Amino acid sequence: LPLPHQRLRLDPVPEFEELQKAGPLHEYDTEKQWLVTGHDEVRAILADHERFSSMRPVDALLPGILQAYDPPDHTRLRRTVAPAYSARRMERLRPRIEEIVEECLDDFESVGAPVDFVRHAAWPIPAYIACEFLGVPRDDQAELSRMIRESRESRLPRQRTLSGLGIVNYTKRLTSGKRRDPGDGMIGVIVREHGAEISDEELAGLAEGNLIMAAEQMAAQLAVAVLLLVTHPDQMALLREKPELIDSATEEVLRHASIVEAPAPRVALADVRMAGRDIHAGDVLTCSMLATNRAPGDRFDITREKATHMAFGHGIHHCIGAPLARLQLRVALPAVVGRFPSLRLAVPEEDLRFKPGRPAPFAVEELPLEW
């Protein structure tokens, strides 16, 4: 496990904080490699798509996967897909999101004495929301959500592969279904508005990618946000009493959690001079989001003033689902602290297990909660 993906519970490790002190750019192999830790340097790399490519370095096509596209084709695909994420489309989803939150919290609560928050809320909430976002029939949602989790998390590689083929097959069918009948959800919107500008294979790959990312990223984000709130009970009470704190609170949980520890490796397409270093064409750069988002001595503080974090990245690849992610947190967090004023850990903090942020996201495996 490379240094930029090591944690002590939620925190970067002291040896990584020490390397950050030495400078913004290090000769370090995460995957000639560079590890980028400087705030301005990370910004600069991510904004400079023309000199720093997102394509895997080779000496494999991923149709519809925006992260893997460089910005001739990235530009056309992104603007074909962007309308599905607009602020207006998002606000129209709000009612189903509130409904889903309440339903899943009802189910979580209905379980015996202590309950795992990951199993009963943190996975189900975003998984169901991702299905709605994609326009998945209500009756298929439980099935598909299980498949999503299992495809990303199963101890059994056979099972990940099986669940993964199941997802691919389901979204191909959903894609052709929505191509014929462009109704509710991301695929319908994209077909109605840019149907001519996109192939069935791009649309299907994009559907799968977005389904998996929306469910998985937010599951991790939601469970860590709640972990943070229950281990800081004062702040939980602040948010309950000052509900107008939700916006800076959602920024703080994104900043502090740093769910994506590093975006895709960037490949230099030209020689570049940066922070006193000679980057050569073909060098591979890892941007450390833990470096940029976290500082030694930082404490979780929902009243935090300015948010300069890069939890969603930066530049042309800046997380396109951000509006949906922020919306979920804005609904789910006030609902959680409102319904459960005495929410707390049911086990010692040292019992908690964390999935490392390589591959993304960093997550808490299990969150036994009380009251």
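Residue positions are given as counts along the sequence shown, with the first one as 1.
Counting the deposited residues that fall between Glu31 and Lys32 and carry no coordinates gives a value of 4 to 9. According to the PDB entry, the deposited sequence contains 4 to 9 residues between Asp59 and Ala60 that lack coordinates. Between 303-311 and 335-343, the higher mean Cα B-factor belongs to 303-311.
Legend: mean Cα B-factor per stretch from the PDB entry, 212-220 versus 188-196; the higher mean is in 188-196. Looking only at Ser258, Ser154, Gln141, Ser288, the residue with the top Cα B factor in the deposited structure is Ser154. In the deposited entry, the Cα temperature factor of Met55 places it in the highest third of its chain's modelled residues.
Per the deposited record, the Cα B-factor of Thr292 falls in the lowest third when ranked against the other modelled residues of its chain. Annotation for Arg266: CA B-factor lies in the lowest third of the chain's modelled residues. The deposited CA B-factor of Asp70 belongs to the highest third of values across its chain. Ranked by C-alpha B-factor against the other modelled residues of its chain, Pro124 falls in the lowest third.
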